[PDB]
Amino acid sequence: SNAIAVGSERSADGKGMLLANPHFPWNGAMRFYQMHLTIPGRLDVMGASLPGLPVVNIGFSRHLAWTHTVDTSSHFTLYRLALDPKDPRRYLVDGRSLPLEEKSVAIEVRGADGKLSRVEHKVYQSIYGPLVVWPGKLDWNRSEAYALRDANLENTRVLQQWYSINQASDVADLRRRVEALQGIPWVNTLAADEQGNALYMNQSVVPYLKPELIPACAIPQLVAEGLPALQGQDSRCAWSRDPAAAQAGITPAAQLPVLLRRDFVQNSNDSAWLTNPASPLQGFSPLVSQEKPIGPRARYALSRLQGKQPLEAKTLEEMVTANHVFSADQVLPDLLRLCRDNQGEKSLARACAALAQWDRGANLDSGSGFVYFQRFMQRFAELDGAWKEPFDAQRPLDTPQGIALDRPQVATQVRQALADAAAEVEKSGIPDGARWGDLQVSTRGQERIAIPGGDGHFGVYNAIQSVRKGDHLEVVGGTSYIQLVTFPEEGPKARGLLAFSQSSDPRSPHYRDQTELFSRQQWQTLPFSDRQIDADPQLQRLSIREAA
C-alpha cells in the first residue's frame, strides 16, 4: 500500500490533500467495497470498507481524509518454550513444570458419499497461547516448542475505533480518538485536513516490553531472522504492563511513532523511520519501528515529494498512473552498458534489444523489456555484492545504486543472470511483440480486461500482483480502492476508483464497469455532497424498513 498526505506548506492550494492507494486482494474476505454513510447531524463519511464491517475503513468526511498501510510493527510474539525433560507436554516457567492445556475441536467433513463424518483435532495451548510448528525451523521436539501470543486476540475495540474515526472532525481530533482507544490492529494511519495538517501515526496494537528486558528476553538468532521471538521459560519476559495502555500488555500511545507536519508524510510499508526524511523517526522499540533500508516504492515516492515545488492533485494521481518501474533506475543503465559490451553474444541479443526499447513502465503498451527485466531482477536479487554502491545508512534515499561491473566476478555473474533470464522468457510462450497489457489481465466471465501496473517489489507505485494461469497473468491483488481527496471551499473533492468494481458477482451491472475504467486509468468523481449525488444521471433510490 501507498499513502501520501500533503499539508499547507506544499499543496498548490495551501490546504490538505490525501492520496490513498492500498494494495489488497481482488477477491475474498479483504475485498474493498465503496459506501457513503450518513446519520444526519452527527455522521457523514464516505470511503471503502472490508466485507462484513458496518464502518468505513478508508475514506473522508467534510474536513478530513484518512487512509492506512500495513505497518512493520510486530503484533504478536513467538515464545520459545523450554520443555520438561521428563515430559514434552509440559514446559518450564521459572524452573517450574507446567502442563499444556488441550482444547479439542470437532469438524464435520463431507465425503465422496455426500455423507458427513466428524473429525476431532487437539489444539495444544500454553499460558502464552497455542503452540505452532514450522517443520525445520520451529519444531516441537523433546527439548523445545513454540507458542504464539497474538495481541489482537484481546482487541475488542477495533469496530468502535473505526466508528470513532468515522466521526472525527479534523486531524487533531482523529489523533485524539485513535490514541485514546488504541483499537487499530495492524496498520499505519495517514491523514490530511482542510486546514492543511498532514498526519502519520504508527498507532496500532503492539506487544510491549520495557527496554531493559529486550536484550535478554529476545531469542537472538530468531530475531536476527525477523521473528519477534521471546524466551518463554522466564516469567519476566511476559509483556510489560503499563496503566496508560488501553489493553494490558500493549504499548502506550505515547511510545508509538507519530508525525504531525504541514509539508508532507508518506508510507509504502516500510517502518516509521523515513516517513519524512527532514524529521526521521527513531528511538523506538524494535517491536515498533526499526531503521531498515526502504523499499523502492517509498524511495520512488520520496524522489517525487522532496523539494520546494508545490504538489497538485494531478501530481499525486500521476505518481500512480505513470506505472513507472522505479527499480529500473538503479539497475537498467548499467545493465544496458553490459549489453553494449556483449554484442555478438546471440543469446543476449533478443533480451538486450527488448530492454533497450522498453519505456521502463508497466503500462498496457509497455514492451517485453518489462518481462525480461523482472526475470533478471529476480536473479539479480540473489547475487552477493553486485551493487556498485551498497545501501548506505547515511544516504538512505539514494542507495543501493548501480551494478558493480568493475568487479570481474560480478560482471560474469550478472551476464549469466541475464542469459538465464533471457532463456527463461524465450522458453515461455510470449508472442512476437506482445505488450504487457496482452499478458496481464483480469478475467470477467469469459472476457479479459488488460490491467496496467506491476509488482511493488520492482518499485511500481501502482502495485499489481498476478499469477500465471494458462496463457496469461491473472491479477490477484494490488491497487484496489483509490481515493484522492482535496478540500475546495465548496466541499470535499474526492477522485478515484475501485479497480475490481463494486460487485464480485458476474450477474451484476457493477461486476466490471470500474475495471474497464481502471484499465484506461480514468479516475472518477466520488460524489459526497447532496448536490453531487443529485447531479448524477444514474441516481437510483430505495427506502426500506422492517419491524425489530
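Rigid core (definition): largest C-alpha set, two forms, superposition within 1.5 Å. Residue indices: 1-based, along the sequence shown.
When the other structures are laid on the shown form by the core, the C-alphas of 429-437 and 310-318 differ in how far they drift in 9 other deposited structures of this protein; the larger average drift belongs to 429-437.
Relative to its counterpart among 289-297 and 422-430, 422-430 has the higher mean temperature factor, C-alpha atoms as listed in the PDB entry. In this entry, the higher average B-factor at the C-alpha atoms falls on 386-394, of the pair 244-252 and 386-394.
Among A82, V158, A354, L222, the highest C-alpha B-factor recorded in the PDB entry belongs to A354. In this entry, the residue among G344, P207, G232, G453 with the greatest C-alpha B factor is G344.
Per the PDB record, residue ranking by Cα B-factor puts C339 in the highest third of the chain. Among all modelled residues in this chain, the alpha-carbon of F284 has a temperature factor (C-alpha) in the middle third. Sorting the modelled residues of the chain by their CA temperature factor places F264 in the middle third.
In this PDB entry, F487 carries a Cα temperature factor that places it within the highest third of its chain's modelled residues.
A168: CA B factor in the middle third of modelled residues in this chain (values from the PDB entry).
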